[PDB]
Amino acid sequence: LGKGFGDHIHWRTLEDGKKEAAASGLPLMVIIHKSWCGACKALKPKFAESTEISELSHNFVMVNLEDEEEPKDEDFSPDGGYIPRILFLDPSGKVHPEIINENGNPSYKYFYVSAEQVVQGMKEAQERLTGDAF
């Protein structure tokens, strides 16, 4: 179910994941990716091999959406249709586009290229989205 992002991580569908998030009070982390894309291919082993990403993932409903699993919902492309994109959602299921890859390029807010960048996004989302801190 991880599609290369790591089989030691619990992966949910978006629909099941939103149900779990609401019931557990967990934010969601949604990774949109395509099976042909070079950026997606490159990110996968970096994500899968990160102990810190795995430890942080317990605080989220983790969702990866491959190819046609991508939502037909503009909330999931706030600044463009590049891939992969990582978006964080509150437990009620709303996308929080203000949580971005701060160490990336400002034109590609949801484009993360290293495990270290992903970890920083997860840490911010955990703090901001859990318990409606925002």
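Throughout, we count residues from 1 along the sequence that is shown.
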Average Cα temperature factor in the PDB entry - higher stretch of 89-97, 29-37:
89-97
Report the stretch with the higher mean CA temperature factor, choosing between 107-115 and 20-28 on the basis of the entry.
20-28
Based on the deposited C-alpha B factors for this chain, I'd like to know if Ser57 is in the lowest, middle or highest third.
lowest
Looking at the C-alpha B-factor of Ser50, is it in the lowest, middle or highest third of its chain?
middle
